[PDB]
Amino acid sequence: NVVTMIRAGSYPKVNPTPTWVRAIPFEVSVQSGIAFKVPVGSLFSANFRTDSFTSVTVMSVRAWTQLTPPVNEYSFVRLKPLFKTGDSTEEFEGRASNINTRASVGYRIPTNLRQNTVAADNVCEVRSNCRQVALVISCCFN
Amino acid sequence: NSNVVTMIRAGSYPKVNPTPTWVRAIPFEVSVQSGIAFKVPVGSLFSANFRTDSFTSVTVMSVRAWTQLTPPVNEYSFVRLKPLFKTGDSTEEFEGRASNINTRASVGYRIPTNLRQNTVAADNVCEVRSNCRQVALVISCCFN
Amino acid sequence: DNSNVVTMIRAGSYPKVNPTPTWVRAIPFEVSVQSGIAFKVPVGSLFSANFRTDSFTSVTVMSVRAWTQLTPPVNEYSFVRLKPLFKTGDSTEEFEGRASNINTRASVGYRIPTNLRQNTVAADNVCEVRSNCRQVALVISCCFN
Amino acid sequence: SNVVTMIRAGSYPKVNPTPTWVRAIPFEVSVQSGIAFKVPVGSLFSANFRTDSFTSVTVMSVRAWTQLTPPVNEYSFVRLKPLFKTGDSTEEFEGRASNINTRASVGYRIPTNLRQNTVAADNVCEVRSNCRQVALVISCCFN
Amino acid sequence: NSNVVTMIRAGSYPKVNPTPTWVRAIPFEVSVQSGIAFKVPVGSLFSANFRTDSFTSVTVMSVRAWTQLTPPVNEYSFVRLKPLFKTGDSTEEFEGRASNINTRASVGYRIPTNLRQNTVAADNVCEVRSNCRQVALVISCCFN
Amino acid sequence: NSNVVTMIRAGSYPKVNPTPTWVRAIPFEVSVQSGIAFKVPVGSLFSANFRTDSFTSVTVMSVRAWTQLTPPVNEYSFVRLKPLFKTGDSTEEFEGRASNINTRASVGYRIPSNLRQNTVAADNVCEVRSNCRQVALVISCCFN
Amino acid sequence: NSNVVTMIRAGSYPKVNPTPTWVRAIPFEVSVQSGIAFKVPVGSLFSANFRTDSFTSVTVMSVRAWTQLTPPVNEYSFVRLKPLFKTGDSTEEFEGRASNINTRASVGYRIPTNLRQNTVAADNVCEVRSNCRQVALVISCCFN
RNA sequence: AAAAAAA
RNA sequence: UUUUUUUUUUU
RNA sequence: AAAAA
RNA sequence: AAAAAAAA
RNA sequence: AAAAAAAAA
RNA sequence: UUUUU
RNA sequence: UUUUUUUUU
RNA sequence: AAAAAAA
RNA sequence: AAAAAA
RNA sequence: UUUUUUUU
RNA sequence: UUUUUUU
RNA sequence: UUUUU
RNA sequence: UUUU
Ligand SMILES: [Cl-]
Ligand SMILES: [Cl-]
Ligand SMILES: [Cl-]
Ligand SMILES: [Cl-]
Ligand SMILES: [Cl-]
Ligand SMILES: [Mg+2]
Ligand SMILES: [Mg+2]
């Protein structure tokens, strides 16, 4: 129940600024019928302990409708991946079966497409009948 | 394996945490003077140079030390550690000496589970004594 | 036996849908080659209504294969070379195949490793093609997205 | 392997620049109260589905969900009547909602013997519902 | 095992390639200043001194460094490495310090599969930081 | 697998070699006249077109030959090879004929280990005889 | 597998029946008044909308009821069922309430084998009570 | 459990 | 002496 | 482990 | 078999 | 050697 | 088989 | 088992 | 029933 | 799979 | 796991 | 009797 | 141990 | 669950 001696040897290999696999929850404002390019710079912030990083490797993206849909409609949200080497045209869509329930959808970036992205890049486009969308992006900060 | 994006059938919104915890080993040096103990400040662990400037408390698990500069002429390197705690400072002097004058001296101590509480910047980790002018510290701790 | 009438499906909540999905394909098309000159194969040749792929703007190429489409010059055997090109760096390989019969095509291909399987848009080039035949047929196993 | 490799290709293989592709096409239709709407097959051929290069398709199963809220005091329902060129059906596969804020779903599978092609002028099924829109998901084989 | 030349019943003409690929690790040195990070150019990997002057692109897999000269007086040698990528530079600082003043300081990093693309001579591999004036690098790569 | 860079706990400086060896299959053609033996030079292996302009010697292991052009009228293609050695030329005539006028002829020989020494550019590999005016050679050798 | 018509080696003329028995699950709705028990007529099961207009009798096996419309304000939906038999009505009130105001209420009962006799249009199946103005009934029954 | 049939 | 569909308790 | 159909 | 990077 | 055709008599 | 320790 | 279609050594 | 084999 | 300790 | 190999 | 890539 | 499923 |  007390301190014990450690027989430390040579000075090991160190790294003061290591990588960090994180999950960053943040929201975006969306206009109806209009696509919103989610910026990668939203992941670098003191609010996420990640303002010290300049690049990140996104592994997967997911989205949830943060506000209620227009009256008489069910919530929906689409996600279109974006890459510097070539943007995609897939519209991964998820719709709510209950008007009072969020709509969820996401996608996974293949290993061959997991490169670095800086604050000036864009993750994906977002289309929804709701005015805000909550995202939880699984990415590797480095 | 997959060569293109695939769809994830995500369900309800999960539990999230934008500011989680982080177990780390922080390498930083402190300046030690001959025949004198240096109280290692916990505030040296919160810094943008370790990505931990967003933390205000930390749970230290184990401290290790290495002499960073050469010892005085005709002497071998040594380094001592005295664990400090807010509920009561220790009187142990975990000493490690170098058997070669050109080689570092090293020593460390592990903090028991019953003594692993958070520490703020105004707190201190341990006292350091060495015949060298600088000591390299590697502290394994949990930031929260 | 099999069911001979329409049967009810007990569907549940609305699922996750995607109207514009991906497509792993093997696209055949031809290119014209001159003698002693290398022709850069454009990625835009993969996007056409003749392949049902004019809706795609990007594509991840996995492997390329080539065949000589026309007869070689007199007394010669057909050959063809391929030089992989990437936006991060052009290779210098010249994967060559020669026909052992003057009446037979020459063939060769190259596979792209998973680390170099990024996307390429229409303005990009897949590879360079050299041959003594005035036309080469290309079959490119790729993943449209 | 972190580099390009050589493929020892042989003879020229059989090629097809325009294959068939099996899909699940999502789209919506407008429905009136008391009136049955015929779903055209031509909706399956669109640039929004990457299928504007197709002229025929083999339908296998149809699924329907109510896309808007039902009238006041009611629960959502939806009915599907299959239609064929060899002869229309009289079935009305119906699904109702046990919650007013929740959709209603129903579907039907087309057997193997009735899985022939259909062109844009044809119709898939008749849809009835109390909601003013219905979301359809049709598992079909284009060719 | 045989003592004479023997015939080879060859068949059709094979698939050939006069300019193949090559898996190498290139030993070369760079000059480092105090308190300054030096960017390692990729064009150092292409030279007639390594039989690689015929390539223009290269896929780097892992980098390792060693201090090529002695550290300043009273200091132990150290070396840092910060990986750089055309899609996004890293902020890591993989450091290696020597426990003996007369011994080199070594450290290295590995590039994951999803980041192993080609690099041309204008590109840069990583930054180097060391108290020694020269550093020896061995860059395991794949010339193509 | 992994998705980010990882530290390598490198140790002592390894044994390096900037100019290594290379086992290669070199393809190249030679122009042959009817009824005349052409001595294939070893200097044809050392070329920038083969990334081998940095070598001066090579250890040949096996030689294979293919007729590159069509044979004269009414004849079938044939090709011969006579192995040459600086310690003594051989008199073998390894011949391969085609069973089809449109098809190449092919033959090859393997150099035994006891006769696998180095050859410089001024040396010759073998003599080629053919009714076709060009012959394609694929030589398996070890550059050093 | 078979792609053409095949002959059937039939025999004697079999036993036939142009109007066979049919067992069904009939979905129909009834209007209910608050505080008033509605007697469900069997004549609602005989209709062209169920392909059962040709039948004159039916053996009811089990009944299930759902509230078809929304409940009053500040109330949860409920529905009660009292089985009715020509040999003697019951006094049971199988009741089911909704735990959510937006969710239907549901309850049903099964008729024992000894009580599964035929019923004509002038007969009644059960009484329904609900705070909702319509009830959706699904009756499993054998038409004969 | 209920509808072709089969020696 | 051997099956496709309307509901359907129980292992 | 060597040759010559 | 092959110099290079690794590795109880 | 898929169907149609005598039967293990 | 034929020619070789 | 045989006559024609398709599969597989 | 669609991508690269089917030994 | 990361970061750390064994 | 990159280039050459060994009895259809 | 190898298996790996979106409905 | 947190994260992401 | 730790001072030859
Ligand atoms: Cl709402
Ligand atoms: Cl290159
Ligand atoms: Cl050649
Ligand atoms: Cl013989
Ligand atoms: Cl103890
Ligand atoms: Mg030819
Ligand atoms: Mg032949």
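Residues numbered from 1 in each chain as written, not as in the entry; some residues may be left out. Chains lettered and ligands numbered in written order. Part of a larger assembly, values for the part shown. Heavy atoms only, no water.

Visitor: What is the right way to read the protein's contact with RNA strand I from this model?
Guide: In the neighbourhood of RNA strand I, the contacting residues comprise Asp1, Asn2, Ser3 and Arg10 of chain C together with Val23, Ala25, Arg64 and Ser140 of chain G. Among the atoms of RNA strand I lying within 4 Å of the protein, the sugar-phosphate backbone contributes 74%. One of the side-chain nitrogen or oxygen atoms of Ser3 of chain C is found 3.1 Å away from a phosphate oxygen of RNA strand I. Within the backbone of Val23 of chain G, one N or O atom sits 3.2 Å away from a sugar or linking oxygen of RNA strand I. Along the lines of polarity and charge, the residues of the surface near RNA strand I split into 2 nonpolar, 3 polar and 3 charged. (Near = heavy atom within 4 Å. Polar contact = N/O pair within 3.5 Å; in protein donor to acceptor, adjacent residues only side chain to side chain. Nonpolar A, V, L, I, M, F, W, Y, C, P; charged D, E, K, R; others polar.)

Visitor: How should the pattern of salt bridges be read in this particular structure?
Guide: Two side chains bearing opposite charge may form a pair once their charged atoms approach each other closely. Within the structure shown, the criterion is met by 41 salt bridges over all chains. Here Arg97 of chain E and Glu29 of chain B are joined by a salt bridge, their closest N and O atoms 2.5 Å apart. Here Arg97 of chain E, found in strand β7 (residues 94-97), pairs with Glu29 of chain B, found in strand β2 (residues 22-31), and the two come from separate chains. What makes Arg97 of chain E buried here is its relative accessible area of 7%. Since its relative accessible area comes to 30%, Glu29 of chain B is described here as partly exposed. In this structure, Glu92 of chain E engages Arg51 of chain B in a salt bridge whose closest nitrogen and oxygen atoms are separated by 3.2 Å. You can see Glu92 of chain E sitting in the loop between β6 (78-83) and β7 and its partner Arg51 of chain B sitting in the loop between β3 (38-41) and β4 (58-67), one on each of two chains. According to the relative accessible area criterion, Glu92 of chain E is buried, its value standing at 0%. Judged by its relative accessible area of 1%, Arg51 of chain B falls in the buried class. Several salt bridges converge on common partners, so that one network encompasses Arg78, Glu93 and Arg95 of chain A together with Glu28 of chain D. (Salt bridge = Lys/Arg side-chain N within 4 Å of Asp/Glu carboxyl O. Helix = DSSP H or I, 4+ residues; strand = E, 2+ residues; numbered from the N terminus. Buried < 20%, exposed > 50% of the residue type's maximum accessible area, 1.4 Å probe, protein only.)

Visitor: Please clarify how the arrangement of the chains should be interpreted in this entry.
Guide: For chain B and chain D, which are not in contact, the least C-alpha distance works out to 14 Å. Spatially, chain B is disjoint from chain F: no contact exists, and the shortest C-alpha separation is 11 Å. (Contact = heavy atoms within 4.5 Å.)

Visitor: How should I be thinking about the interface of chain D and chain C in this particular structure?
Guide: In many analyses, interface size is given as the accessible surface area lost on bringing the parts together. The interface is formed by 48 residues belonging to chain D together with 48 residues belonging to chain C. The contact between chain D and chain C buries some 4,000 Å² in all, and 60% of this surface belongs to carbon and sulfur atoms. Three residues, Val4, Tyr12 and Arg50 of chain D, lead the burial of chain D against chain C; their summed loss comes to 20% of the area buried on that side. At the surface where chain D touches chain C, the tally comes to 0 salt bridges. Counting the contacts that link chain D with chain C gives 21 residue pairs in polar contact. For the side of chain D that touches chain C, the secondary-structure elements that each account for two or more residues are β1 (5-7), β2 (22-30), β4 (57-66), β6 (93-96), β7 (105-109) and β10 (133-142) of chain D. Per element, the largest residue contribution to the side of chain D that touches chain C is 5 residues, and it comes from β7 of chain D. Of the residues in the side of chain D that touches chain C, the class split is 24 nonpolar, 15 polar and 9 charged. (Buried area = accessible area lost by both parts, 1.4 Å probe.)

Visitor: Please clarify how the interface of chain E and chain F should be interpreted in this entry.
Guide: Counting residues at the interface gives 49 residues for chain E, matched by 49 residues for chain F. Where chain E abuts chain F, roughly 4,000 Å² becomes buried across the two surfaces, and 59% of that area is made up of carbon and sulfur atoms. It is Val5, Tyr13 and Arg51 of chain E that lose the most area in chain E upon contact with chain F, and together they represent 21% of the buried surface on that side. The interface formed by chain E and chain F includes 0 salt bridges. Where chain E packs against chain F, one counts 20 residue pairs in polar contact. Elements that contribute at least two residues to the side of chain E that touches chain F include exactly β1 (6-7), β3 (22-31), β5 (58-67), β7, β8 (106-110) and β11 (134-143) of chain E. A per-element tally of the side of chain E that touches chain F places β8 of chain E first, with 5 residues.

Visitor: Just checking my understanding: could you explain the sheet that holds strand β5 (residues 79-84) of chain C for this structure?
Guide: By way of backbone hydrogen bonds, the strands of a sheet pair with one another, either parallel or antiparallel. An order of β3(C)-β9(C)-β5(C)-β6(C)-β2(E) is seen for the 5 strands of this open sheet, with the pairing classed as antiparallel. Pairing within the sheet leaves two strands with one partner each, and these edge strands are β3 (39-42) of chain C together with β2 (15-16) of chain E. Bridging between β5 of chain C and strand β9 (residues 125-131) of chain C involves 5 bridges; their strand directions are antiparallel. Looking at the pairing, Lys83 of chain C lines up with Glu128 of chain C of β9 of chain C. (Pairing = 2+ DSSP bridges.)

Visitor: Explain the protein's contact with RNA strand Q here, please?
Guide: In the region of RNA strand Q, the neighbouring residues are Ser1, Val3 and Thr5 of chain D, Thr21 and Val23 of chain E together with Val23, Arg24, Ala25, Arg64 and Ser140 of chain F. A share of 86% is what sugar and phosphate atoms reach among the atoms of RNA strand Q within 4 Å of the protein. Between RNA strand Q and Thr21 of chain E there is a distance of 2.9 Å, counted from a sugar or linking oxygen to a side-chain nitrogen or oxygen. At 2.8 Å, a side-chain N or O of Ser140 of chain F approaches a phosphate oxygen of RNA strand Q. At 3 residues, the largest contribution of residues to the surface near RNA strand Q is made by strand β2 (residues 22-31) of chain F. Taken together, the residues of the surface near RNA strand Q sort by class into 4 nonpolar, 4 polar and 2 charged.

Visitor: Please explain the state of the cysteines as it appears in this structure.
Guide: In protein chemistry, a disulfide is the covalent bond that joins the sulfur atoms of two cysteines. Summed over the entire model, instances satisfying the criterion amount to 0 disulfides over all chains. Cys133 of chain C forms no disulfide, and the closest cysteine sulfur to it belongs to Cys127 of chain C, at a distance of 16 Å. What makes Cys133 of chain C buried here is its relative accessible area of 1%. Free of any disulfide, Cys132 of chain G has its nearest neighbouring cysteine sulfur in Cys126 of chain G, separated by 16 Å. On the basis of relative accessible area, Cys132 of chain G is assigned to the buried category, the value being 1%. (Disulfide = S-S within 2.5 Å.)

Visitor: Would you mind going over the coordination of the magnesium ion (ligand 6) with me for this structure?
Guide: Ideal geometry at a metal centre: 109.5 degrees between donors when four sit tetrahedrally, and 90 or 180 degrees when six sit octahedrally. The protein atoms that coordinate the magnesium ion (ligand 6) are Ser78 of chain C (OG) and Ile102 of chain C (O), at distances of 2.4 to 2.7 Å. One end of the pair, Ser78 of chain C, is in the loop between β4 (59-68) and β5; the other, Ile102 of chain C, is in the loop between β6 (95-98) and β7 (107-111), and 24 residues separate them in sequence. (Donors = N, O, S within 2.8 Å, 3.2 Å for Na, K, Ca; no water.)

Visitor: I would appreciate a short explanation of the environment of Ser99 of chain E in the present structure.
Guide: Structurally, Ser99 of chain E is set in the loop between β7 and β8. Setting aside its immediate chain neighbours within four residues, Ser99 of chain E contacts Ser10 and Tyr11 of chain A, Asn102, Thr103 and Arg104 of chain B together with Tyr76 of chain E. One polar contact links the side chain of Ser99 of chain E to the main-chain amide nitrogen of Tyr11 of chain A, over a distance of 2.9 Å.

Visitor: What exactly am I supposed to notice about the sheet that holds strand β9 (residues 123-129) of chain D here?
Guide: Residues and elements named next belong to chain D. The 4 strands lie next to each other as β3-β9-β5-β6, forming an open sheet whose pairing is antiparallel. Each having just a single partner strand, β3 (37-40) and β6 make up the two edges of the open sheet. Ignoring which end each strand starts from, the neighbouring axes of this sheet average 25° apart. Bridging between strand β5 (residues 77-82) and β9 involves 5 bridges; their strand directions are antiparallel. Opposite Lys81, over in β9, you have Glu126 as the bridge partner. (Axes fitted to C-alpha atoms, helices over the stretch in contact; angles between N-to-C directions.)

Visitor: I keep staring at unusual backbone geometry and nothing clicks. Help me out?
Guide: Excluding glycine, a negative phi dihedral is what most residues carry, and trans is how most peptide bonds are arranged. All names here are of chain E. Of note, the phi angle at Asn74 is positive, near 70°, even though the residue is not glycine. Relative to the helices and strands, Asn74 resides in the loop between β5 and β6. Relative accessible area serves as the criterion here: at 41%, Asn74 is assigned to the partly exposed category.

Visitor: Is there a simple way to think about the environment of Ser90 of chain E in this case?
Guide: Among the secondary structure elements, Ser90 of chain E is positioned in the loop between β6 and β7. Separated by 13 residues in sequence, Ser90 of chain E and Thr103 of chain E have C-alpha atoms that sit 28 Å apart. In this view, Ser90 of chain E contacts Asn116 and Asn142 of chain A together with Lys82, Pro83 and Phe85 of chain E; residues no more than four positions away in its chain are not counted. At a separation of 3.0 Å, a polar atom in the side chain of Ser90 of chain E contacts the side chain of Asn142 of chain A.

Visitor: Before we go on, may I ask you to explain the nonpolar core in this structure?
Guide: Proteins that are soluble and globular tend to have nonpolar side chains buried together. Counting 70 residues, the largest nonpolar core has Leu43 of chain A together with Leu45 of chain B as its most contacted members. In this structure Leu45 of chain B touches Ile26, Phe28, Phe50, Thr52, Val58, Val60, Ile139, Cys141 and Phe143 of chain B, once residues within four positions along its chain are discounted. Counting residues in hydrophobic clusters, the runner-up holds 68 residues, among them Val43, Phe56 and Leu138 of chain C together with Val124 of chain D. (Core = buried A, V, L, I, M, F, W, Y, C linked by side-chain atoms within 4.5 Å.)

Visitor: I would appreciate a short explanation of the packing of aromatic side chains in the present structure.
Guide: Given two aromatic rings, one states the distance between the centres and the angle between the planes to describe the pair. Per the counting criterion, the structure on display carries 30 aromatic pairs over all chains. Aromatic side chains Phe46 of chain F and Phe143 of chain F sit 5.7 Å apart centroid to centroid with 75° between the ring planes, which places their arrangement in the edge-to-face category. Here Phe143 of chain F lies in strand β10 (residues 134-143) and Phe46 of chain F lies in the loop between β3 (38-41) and β4 (57-67), a separation of 97 residues in the sequence. A relative accessible area of 13% places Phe46 of chain F in the buried class. What links up through ring pairs into an aromatic cluster is the set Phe44, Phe53 and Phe141 of chain A. (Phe/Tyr/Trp six-rings, centres within 6.5 Å; stacked < 30°, edge-to-face > 60°.)

No statement about biological role is implied by the geometric values presented.
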